[PDB]
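A.B. asks:
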RNA sequence: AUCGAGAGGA
Ligand SMILES: [Mg+2]
Ligand SMILES: [Zn+2]
Ligand SMILES: [Zn+2]
């Protein structure tokens, strides 16, 4: 429940890849798998 | 955390200080004059940083990196590069805060490879557990609740804020890594 | 490229050889250059190889490229399968893609064509054509539900 | 599944007497294969077993927080003070024979979690079932007693195998077989037909 | 039903190898220059020390499922300390006037070379190896 | 596309799969509920009327039962509800829908369905519990693991369909893969590990364990093997029991590294008559690779013997491993302190070298590399230094790891684990790569906000010195997380692309079949191949073998293949052949020998023309060496006596053999020439394998032995010829697709996008390149 | 939710010890491991059941219905 | 096309039974055996139709003629007795 | 759902014979005895005591699947010795040793004071 | 004492007995431990019927707890298994009926213990079905904790059973086994980073056995005739009775084999 | 039925 409450959705040049700007603002490893892997992120 | 020199041309120091930590711990113990996170922000001891603001600043992972450093070392400890950094605008509260709740559940994720951590962050969503205390009163469409939930033997310091110890979702099994009967 | 050639004694020995690798391809100009062996030269691009040297050289280059990708994986696939794919693209004089442009555009079959892609347009074009499907294709028999001309279904068994 | 990305499916359930036992009589609640561990490189699962053994004997909670300098050597020292081996290997005896096992086996308290997926919900079997009206084909899903779908890839696999009759039987007899009447003059099923 | 070869052998060296139970043994024929031997033996059953002199015998016999000795009246064919059974994988000639025999005894390999033996030795799957202290 | 090509099917089930060592390879463990639910119509026969009546009496609730009975009229009779269910009397011609019973054919299918191997016939065995049970060795063709994977089972409804499933789709038949000419299934996981630990000479088996293991082999001769050691104690080598598991009359020769006949390393393997002489069983002998025991047993005896061998090997090895045990543990990842210091100083010297190269770049005293920007050269040098440092630290760890180390045991056996895993857990995980590059500065001039601006040092650039055991710093963890995220994205994107590619290839090649004229043709009759594979032979039964004429020094080839009756030194020794004394002079037999030598020389030139590399081993129909070894073991020649064969007989018989074989039967000059082209390489191989000097030197084959070898070579070739009607196009498309699914992506397009350009024949190319010689 | 009756691995009854364990650690400020030793659970299979247990029953009892 | 007969002597198809041919012959014979077909081979302890079919194939008793087909359409008919099984 | 009942593992059902004796093939005196609803516990002790008897050449230990409780024993004896007699003598010896152990332990406990 | 096995007891307690087995085959000791875990009969609740449940815990949860509760089984041999008895559902000689009624009358939450469970069925003069309390206070195992205004009324039927059918019927919790403590037989090879003696602690059972001699060669005949065991009992059956019943159950199993042979 | 969301395997 807690992780579902902190969820991001990015509709759709390399958004899926973990970015340096994401450090400390997005969890590095929590993401959906297969489809929309990295498109959806957890704060 | 905000880092500025304690004296100009004195050692730069994290603005928070032990006495402030003691007041925070005293306020937390009452559960005097309250000392909150908002109190720290109004004191100017801590600051909120946007990514664009993050670009212009230089931050330090560990508060002990900041204090001045002028032999033998345990071989097991991880190799930490000396920071060699003159200026630090800020210091991170704790590196583990970069991790999410599911990653905070993961034990020793530094010692493990990242893809396995991702798989576990999904599987923890899938795993059973007591979601709420009022489940018996509530009528959800589907609910799975463990008979005898057991708090984890190895706990992250973030788990106390996660309330995972209070509301565990797994059992401390006795597991042997063995080849018995090939099953 | 440390090539290997017969020794004067006879046993195969390796001698280093100088090789040029070019970011660009102008095969007709490059092969007609002094100081190179025009037989040995090979191109990454198979379309140019076929256009300069005919369909068969392009066929060989196509098999070699597929072999290169399978070797980068390290997996091995038998020569007959890759060769069959390359011969499918090669028997038609122009190289035929595995995409709908090509094999699905090829006139053979009607419902077999519409199974892969552009189903409704292929059926429209067939109706305008008034073409006749032999139903000899496996896919067409699958739509028909008739027993497909698979190896087991190919022969006809009758009484003595 | 374990807390370190090791997922698993219960192959078999064993009574305590059959299961291998340490000298103390402790029997593993769960047995995992060693072979899984090398490829995953999930060292932290092994470290969790060691640390939780130390915690259980000491009665003090163990910290597995990342980016905290904790020595496996130090945890091993605490285990040695407890008397259990620094590596956590315990001498085990084969359950059926009582013979001492030749190789000592890593024995530890590991946190494990029960995944939502359970077999009895997953199983579906249909011999004859309801059919969707337009398709005249089997319905979808277990809840409707709906048949599994012979994929296009499955049909390709069957062409590769070469069994025309099985492909036909799954293609027509198993699903949406139908008889229609057509006319020789026009290849269209415009002929009305009273069989009686 | 009689031994094919008998000799006294003095071990030049013992090599444990990676295994701790099984060591390879390099030895030469005593009083004969021609034979030389290299054999896989188990230390735990019988200890082999460097410079030891050991009696070596190869016998054809003395199929049938191995029977535990029914009674003590059934007579051991050897007072030798060590006995092994194996099959030779290849009979070779080192050079003209030199013959080497390669025997695998349950995966424990033994090569012994000398010219005079190959008239005795035969391509026989049966072999009984006898070592006396 | 969907409902007409692929339909939801009745008599279909799906379950989570688990693995049982005791269940046979061809068998599938079908739950009793599934067996009761699924029914097959069996027509009532005079043979089955008693059994069928009993099944109908037993009812749907208990198996063996029957859900429905079908009259001659065809109106259904429901056994669950009927007033007459008790009093049914079977009438001839009725159809009883019997419950799915043991030892029946079904089809077991994995949902990726990339290969014909993914859909294989299995023998039903009704199991109590709920999970589908399958053997371990069948996991690999299915690409299946017991992580919750689900698989589907389809039931035949007609007798002809059952016959097709049993005669073509059965698991033992599908062991040998057409593609890659290798077995699909090999001994995997514990057994593999266990078998190596069983095959060590240090491993010995006591009498009680020997007796139990002897019993565990379901087919046992009943003869206790004579103990390897007798007088000190009746010890048994694990090789002896394992040999009792190996079928008799099967001989394997594998030479690796220093494979001395004394084999001190216990490397390589020699098996004679199903008895192992030397070696420790590693993966390649019990693995899916060519030359393994699986391939040899499948060809020599048959698929059934091979599957039963799978089962027996599994049982014996699992029993012994259960009594020995195994455990990875934390301590097998740890390394000795001195080795860890060496690893750390190796990383430190790599860092010092990188810093020195960086200072050289700053000074602009960097030598120009043609076609390479100087920063590009700096990046390549730093990447190479870090990679070499990680690999060298891994080598130090591997040398440090003892022979008792269980991860080392798994790697030596080949069950699971690699050198890179050892390096990453023990010493250093290395430098993470994003988009084929070191971690870029997402922040301006900084990879991370903690790092200073314009830092190209490896720690800032993402190289993780620390091992998994040591623990990873937060910056290192974030860089590793970026790498892993890219890995997941690449994995999913790859799977999608390979799915589209496989459908394209299958739809393109589905029409192709080998016709009865032996010409590969499409539906319209357009010929793709006049001769399939250009040799006219099935992809199975082909094994790579060495062509002895090609390669080697010319003088050595003459020494091995030239015998001259006129020169005494050239003339064969009289001991080899009884006619040898008679053969001196004999000028006409010598000119026949000269003819054979001229043919061999022309063939050597021809093969050197075919392959510039001149690699000795190429895929070939019949392995001559196996036939020769079988002949030698069958006829038991002491090899001291001269051969009964005459010199003229060898040459004449080889020539007659070459004459006899026809890929295409007919006597037409075009057809005859096409066949001669088809068998030219095989004929060259046969000439290399059987030369007169070779036939009298490599062995003392009797005349009957040479005749038997000739007949067996001919018969094996005839078996190896491709069966007409085989849909080669679909098999080819799947054969490309499955490695492509496994395919994962010096600066050249590789893997899936390069394959996409090749298949699309797209004019634009990401990296055009010309190789000028 | 409530104390397990017995430890899953071996089967020693652990329901009786929970109240005395809580009371012991409260009365004497005792270390948890020493409290388990006084309780008599000398094996970690038994010790995990008491140490890692959570009484959610109190939270359920707090609910009025 | 029609009456595209092939002379018995001039048949070029493979004398060995194709695996598909054996599979279909065995399946058809088993199917007919299930439907009360006469059995031309003496059976000992065999009730499965397929087992009877394989024994009959060994005896070469099956009176079935396979029509080998060619891309041209001309048909070469081979009896089961004539095709060797190996 | 699919799982067998626990009562099945220690109860014989449908009139199953506790011991099924069948003559073994390819060995003269060898016989296979299928112990039904029996576990490893009895089988290992029977096999050990059978190995103790000199006349028994062979005695085996098999469970064909852990799901079902059937213990298979193959016994091969000396000529003139019935394998059934060998198994009976082994069983009798087991009972004597168990009784002696019971008496000795009872005496020791009577000596024990706590 | 007697020819054959001789047992020497290290220590005696009501909960646990530590003993030493001499002149014993290893398979016999393994079989005895497996019988002690599994084969010994014991009485536990096999049916639960609840009329009123206001407890927060579900009825199935409480029934499982009740099944795990120890019930005295010293006289269990007189009691007959339900499957052997001719009663339609339960017989007084077959089954023992317990009743438990607890209401949360107090504002403070009231506990429910095994001492509250009381027996309706006639004892018939056998020590059967008594709830077992090793607790110093005498408070039984806590089945449930009841809020104010909460009541629970249940009836339990306890039947004879064994541990192989269900783990609750097992008399003994843990069996401690040690043989070849010095590893003279070398049945196992120790995993050591540097030296096996340093890494592996010396067992307590080593000191009773004679220390190994480094010059003495390893002997291959030796099968350990000495075993060091400790038995721990729940309390349903006394420790001495636990091991004696294990012995006797093994004897009965062997006798069943023998009589089956005679019938054959 | 339709659409959407989520999840499982690779
Ligand atoms: Mg999976
Ligand atoms: Zn019409
Ligand atoms: Zn316990």
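Chains as they are written, first to last, in PDB author numbering: chain A, 491 to 502, 509 to 539; chain B, 638 to 668, 676 to 714, 721 to 833; chain C, 1287 to 1446; chain D, 981 to 1176; chain E, 2 to 63, 76 to 146; chain F, 337 to 1081, 1092 to 1119; chain G, 1 to 65; chain H, 69 to 154; chain I, 1 to 114; chain J, 2 to 265.
Note that CB positions come from ideal geometry on N, CA and C, so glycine has one too.
#1: Find the residues of chain B that neighbour residue 1029(D), judging by a C-beta separation of less than 9 Å, and give them in chain order.
#2: Who are the neighbours of residue 155(H) on chain D, taking C-beta pairs under 7 Å?
#3: Measuring CB atoms only, is the segment 942-950 of chain F touching the segment 1039-1047 of chain F, in the sense that at least three cross pairs come out at less than 8 Å?
#4: Would you mind giving the Cβ-Cβ distance between residue 998(D) and residue 824(B), rounded to the nearest angstrom? I have them listed as a contact below 8 Å.
#5: Any beta carbon of chain I sitting closer than 7 Å to that of residue 32(J)?
#6: Contact between the segment 363-372 of chain F and the segment 433-445 of chain F is defined here as three or more beta-carbon pairs at a separation below 8 Å; is this criterion met?
#7: Counting only C-beta atoms, is residue 28(I) closer than 7 Å to chain F at any point?
#8: Please list, in chain order, all residues of the same chain as residue 1038(F) whose beta carbon is under 8 Å from its beta carbon, the five residues on each side excluded.
#9: Could you tell me the distance, in whole angstroms, from the CA atom of residue 1092(D) to the CA atom of residue 981(D)?
#10: Below 8 Å on C-beta distance, what does residue 773(B) contact in chain D?
#11: State the beta-bridge partners of residue 11(E) as determined by DSSP.
#12: Do you know how far the Cα of residue 25(E) is from the Cα of residue 588(F)?
#13: Run through the DSSP bridge pairs and tell me what residue 779(F) is partnered with.
#14: What residue range does the beta strand (DSSP E) around residue 17(J) cover?
#15: My guess is that residue 1128(D) and residue 345(F) are in contact by the Cβ rule of under 8 Å, so how many angstroms apart are they, rounded?
#16: Please determine, among 793(F), 797(F), 786(F) and 765(F), the residue with the shortest C-alpha to C-alpha distance to residue 774(F).
#17: Short of 8 Å in beta carbon distance, which residues of its chain neighbour residue 962(F), apart from the five on each side in sequence? Order them along the chain.
#18: Quickly, what does DSSP pair residue 313(J) with across the bridge? List them, please.
#19: Any chance you could list the residues with Cβ under 5 Å from a heavy atom of ligand 2, keeping chain order?
#20: Who are the neighbours of residue 57(I) on chain E, taking C-beta pairs under 8 Å?
#21: Answer yes if the segment 3-13 of chain I comes into contact with the segment 131-140 of chain H, meaning at least three C-beta pairs across the two stretches below 8 Å, and no otherwise.
#22: Starting from residue 618(F) and walking both ways along the alpha helix (DSSP H), at which residues does that stretch end?
C.D. replies: With the structure as the only source:
#1: Chain-ordered, the chain B residues with CB closer than 9 Å to the CB of residue 1029(D) read 825 and 827.
#2: The question about residue 155(H) has no answer here: the residues shown for chain H are numbered 69 through 154.
#3: With the cut-off at 8 Å, the segment 942-950 of chain F and the segment 1039-1047 of chain F do not touch.
#4: Not confirmed; about 16 Å, so no contact.
#5: So yes, residue 32(J) belongs to the interface.
#6: Yes: the two stretches touch, three or more of their Cβ pairs being nearer than 8 Å.
#7: No - not a single Cβ of chain F is within 7 Å of the one on residue 28(I).
#8: Around residue 1038(F): 971, 973, 979, 980 and 981.
#9: Rounded to the nearest whole angstrom, the CA to CA distance from residue 1092(D) to residue 981(D) is 6 Å.
#10: For residue 773(B), the chain D residues whose C-beta falls within less than 8 Å of its own C-beta are 981, 985, 987, 1093 and 1095, listed in chain order.
#11: Answer is 29(E) and 54(E), bridged to residue 11(E).
#12: Distance from the CA atom of residue 588(F) to the CA atom of residue 25(E), rounded to whole angstroms, is 25 Å.
#13: According to DSSP, residue pairing for residue 779(F) in a beta bridge involves 782(F).
#14: DSSP places residue 17(J) inside the beta strand (DSSP E), whose first and last residues are 17-23.
#15: Residue 345(F) and residue 1128(D) do touch by the CB rule: their CB atoms are close to 6 Å apart, below 8 Å.
#16: Nearest in C-alpha terms to residue 774(F), of all of 793(F), 797(F), 786(F) and 765(F), is 797(F).
#17: Taken in chain order, the residues that qualify are 587, 632, 635 and 636.
#18: Residue 313(J) is absent from the structure shown; chain J starts at 2 and stops at 265.
#19: Counting every residue whose Cβ lies closer than 5 Å to a heavy atom of ligand 2, we get 1163(D), 1165(D) and 1166(D).
#20: What residue 57(I) touches in chain E: 78, 80 and 81.
#21: Two segments are said to touch when three or more pairs of C-beta atoms, one from each, lie closer than 8 Å; by this definition the segment 131-140 of chain H does not touch the segment 3-13 of chain I.
#22: First-last for residue 618(F): undefined, no H or E at that position.
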